[PDB]
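This is query-v7.cif. It holds mmCIF, N, CA and C atoms.
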data_input
#
loop_
_atom_site.label_atom_id
_atom_site.label_comp_id
_atom_site.auth_asym_id
_atom_site.auth_seq_id
_atom_site.Cartn_x
_atom_site.Cartn_y
_atom_site.Cartn_z
N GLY Y 1 -32.21 11.33 -174.66
CA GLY Y 1 -31.91 12.68 -175.17
C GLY Y 1 -30.45 13.04 -174.93
N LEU Y 2 -30.08 14.29 -175.24
CA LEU Y 2 -28.72 14.78 -175.07
C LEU Y 2 -28.68 16.30 -174.91
N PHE Y 3 -29.63 17.02 -175.50
CA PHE Y 3 -29.65 18.47 -175.43
C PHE Y 3 -29.64 19.10 -174.05
N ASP Y 4 -30.20 18.41 -173.05
CA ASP Y 4 -30.18 18.94 -171.70
C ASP Y 4 -28.76 19.08 -171.15
N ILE Y 5 -27.85 18.23 -171.65
CA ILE Y 5 -26.44 18.29 -171.29
C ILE Y 5 -25.75 19.38 -172.11
N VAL Y 6 -26.12 19.52 -173.39
CA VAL Y 6 -25.51 20.51 -174.27
C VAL Y 6 -25.81 21.92 -173.80
N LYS Y 7 -27.04 22.18 -173.32
CA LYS Y 7 -27.40 23.49 -172.83
C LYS Y 7 -26.63 23.83 -171.55
N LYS Y 8 -26.23 22.82 -170.77
CA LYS Y 8 -25.45 23.03 -169.56
C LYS Y 8 -24.00 23.37 -169.91
N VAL Y 9 -23.50 22.85 -171.04
CA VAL Y 9 -22.14 23.14 -171.49
C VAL Y 9 -22.10 24.56 -172.06
N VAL Y 10 -23.16 24.96 -172.79
CA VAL Y 10 -23.24 26.30 -173.35
C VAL Y 10 -23.44 27.30 -172.21
N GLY Y 11 -24.08 26.88 -171.12
CA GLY Y 11 -24.31 27.74 -169.97
C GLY Y 11 -23.00 28.18 -169.31
N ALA Y 12 -21.96 27.35 -169.41
CA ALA Y 12 -20.65 27.69 -168.87
C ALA Y 12 -19.99 28.78 -169.71
N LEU Y 13 -20.34 28.86 -170.99
CA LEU Y 13 -19.83 29.88 -171.90
C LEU Y 13 -20.59 31.20 -171.73
N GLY Y 14 -21.52 31.26 -170.77
CA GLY Y 14 -22.34 32.43 -170.54
C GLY Y 14 -23.53 32.49 -171.50
#
Output the file's structure in the form of structure tokens.
Amino acid sequence: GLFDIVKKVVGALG
């Protein structure tokens, strides 16, 4: 998968 990493990057954007 990859989305678990993408949600962590979006989490930094608030």
Report as a compact mmCIF listing (two decimals) with N, CA and C atoms, in the frame of the given file: the residues of chain Y with a DSSP assignment of alpha helix (DSSP H), based on the backbone of this structure.
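Here's the written file out_13.txt:
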# COMPACT_ATOMS: atom_id res chain seq x y z
N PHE Y 3 -29.63 17.02 -175.50
CA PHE Y 3 -29.65 18.47 -175.43
C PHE Y 3 -29.64 19.10 -174.05
N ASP Y 4 -30.20 18.41 -173.05
CA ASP Y 4 -30.18 18.94 -171.70
C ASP Y 4 -28.76 19.08 -171.15
N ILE Y 5 -27.85 18.23 -171.65
CA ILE Y 5 -26.44 18.29 -171.29
C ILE Y 5 -25.75 19.38 -172.11
N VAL Y 6 -26.12 19.52 -173.39
CA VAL Y 6 -25.51 20.51 -174.27
C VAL Y 6 -25.81 21.92 -173.80
N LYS Y 7 -27.04 22.18 -173.32
CA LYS Y 7 -27.40 23.49 -172.83
C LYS Y 7 -26.63 23.83 -171.55
N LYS Y 8 -26.23 22.82 -170.77
CA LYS Y 8 -25.45 23.03 -169.56
C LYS Y 8 -24.00 23.37 -169.91
N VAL Y 9 -23.50 22.85 -171.04
CA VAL Y 9 -22.14 23.14 -171.49
C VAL Y 9 -22.10 24.56 -172.06
N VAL Y 10 -23.16 24.96 -172.79
CA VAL Y 10 -23.24 26.30 -173.35
C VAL Y 10 -23.44 27.30 -172.21
N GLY Y 11 -24.08 26.88 -171.12
CA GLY Y 11 -24.31 27.74 -169.97
C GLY Y 11 -23.00 28.18 -169.31
N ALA Y 12 -21.96 27.35 -169.41
CA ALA Y 12 -20.65 27.69 -168.87
C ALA Y 12 -19.99 28.78 -169.71
First collect every listed atom of chain Y; then fit an axis-aligned box around them, widen it by 8 Å on each side, and give centre and edge lengths in Å to one decimal, as JSON.
{"center_x": -26.0, "center_y": 21.9, "center_z": -172.2, "size_x": 28.4, "size_y": 37.2, "size_z": 22.6}
**OP:** Rounded to one decimal place, report the CA of residue 13 in chain Y-CA of residue 1 in chain Y distance in Å.
**Re:**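 According to the coordinates, CA of residue 13 in chain Y and CA of residue 1 in chain Y are separated by 21.3 Å.
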Dump chain Y with N, CA and C atoms to a file, as a PDB file, in the first residue's frame.
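Listing of selection_27.pdb after writing:
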ATOM      1  N   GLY Y   1       0.832  -1.214   0.000  1.00  0.00           N
ATOM      2  CA  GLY Y   1       0.000   0.000   0.000  1.00  0.00           C
ATOM      3  C   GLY Y   1       0.862   1.257   0.000  1.00  0.00           C
ATOM      4  N   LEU Y   2       0.219   2.423   0.114  1.00  0.00           N
ATOM      5  CA  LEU Y   2       0.910   3.706   0.126  1.00  0.00           C
ATOM      6  C   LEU Y   2       0.102   4.783   0.853  1.00  0.00           C
ATOM      7  N   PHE Y   3      -1.231   4.684   0.839  1.00  0.00           N
ATOM      8  CA  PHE Y   3      -2.081   5.683   1.467  1.00  0.00           C
ATOM      9  C   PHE Y   3      -1.837   5.971   2.938  1.00  0.00           C
ATOM     10  N   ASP Y   4      -1.350   4.984   3.694  1.00  0.00           N
ATOM     11  CA  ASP Y   4      -1.057   5.213   5.098  1.00  0.00           C
ATOM     12  C   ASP Y   4       0.048   6.252   5.287  1.00  0.00           C
ATOM     13  N   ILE Y   5       0.944   6.353   4.299  1.00  0.00           N
ATOM     14  CA  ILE Y   5       2.002   7.349   4.291  1.00  0.00           C
ATOM     15  C   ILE Y   5       1.447   8.690   3.819  1.00  0.00           C
ATOM     16  N   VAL Y   6       0.547   8.670   2.827  1.00  0.00           N
ATOM     17  CA  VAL Y   6      -0.024   9.894   2.277  1.00  0.00           C
ATOM     18  C   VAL Y   6      -0.864  10.619   3.325  1.00  0.00           C
ATOM     19  N   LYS Y   7      -1.622   9.880   4.140  1.00  0.00           N
ATOM     20  CA  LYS Y   7      -2.428  10.494   5.183  1.00  0.00           C
ATOM     21  C   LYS Y   7      -1.550  11.131   6.257  1.00  0.00           C
ATOM     22  N   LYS Y   8      -0.334  10.607   6.462  1.00  0.00           N
ATOM     23  CA  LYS Y   8       0.599  11.177   7.427  1.00  0.00           C
ATOM     24  C   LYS Y   8       1.208  12.474   6.894  1.00  0.00           C
ATOM     25  N   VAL Y   9       1.353  12.588   5.570  1.00  0.00           N
ATOM     26  CA  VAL Y   9       1.884  13.803   4.953  1.00  0.00           C
ATOM     27  C   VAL Y   9       0.803  14.881   4.982  1.00  0.00           C
ATOM     28  N   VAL Y  10      -0.459  14.501   4.750  1.00  0.00           N
ATOM     29  CA  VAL Y  10      -1.571  15.444   4.792  1.00  0.00           C
ATOM     30  C   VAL Y  10      -1.801  15.877   6.240  1.00  0.00           C
ATOM     31  N   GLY Y  11      -1.479  15.012   7.205  1.00  0.00           N
ATOM     32  CA  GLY Y  11      -1.639  15.320   8.617  1.00  0.00           C
ATOM     33  C   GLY Y  11      -0.744  16.479   9.050  1.00  0.00           C
ATOM     34  N   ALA Y  12       0.407  16.643   8.388  1.00  0.00           N
ATOM     35  CA  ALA Y  12       1.318  17.739   8.675  1.00  0.00           C
ATOM     36  C   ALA Y  12       0.733  19.067   8.197  1.00  0.00           C
ATOM     37  N   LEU Y  13      -0.125  19.019   7.171  1.00  0.00           N
ATOM     38  CA  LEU Y  13      -0.795  20.198   6.637  1.00  0.00           C
ATOM     39  C   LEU Y  13      -2.013  20.569   7.487  1.00  0.00           C
ATOM     40  N   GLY Y  14      -2.241  19.846   8.586  1.00  0.00           N
ATOM     41  CA  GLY Y  14      -3.391  20.064   9.450  1.00  0.00           C
ATOM     42  C   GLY Y  14      -4.644  19.375   8.914  1.00  0.00           C
TER      43      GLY Y  14
END
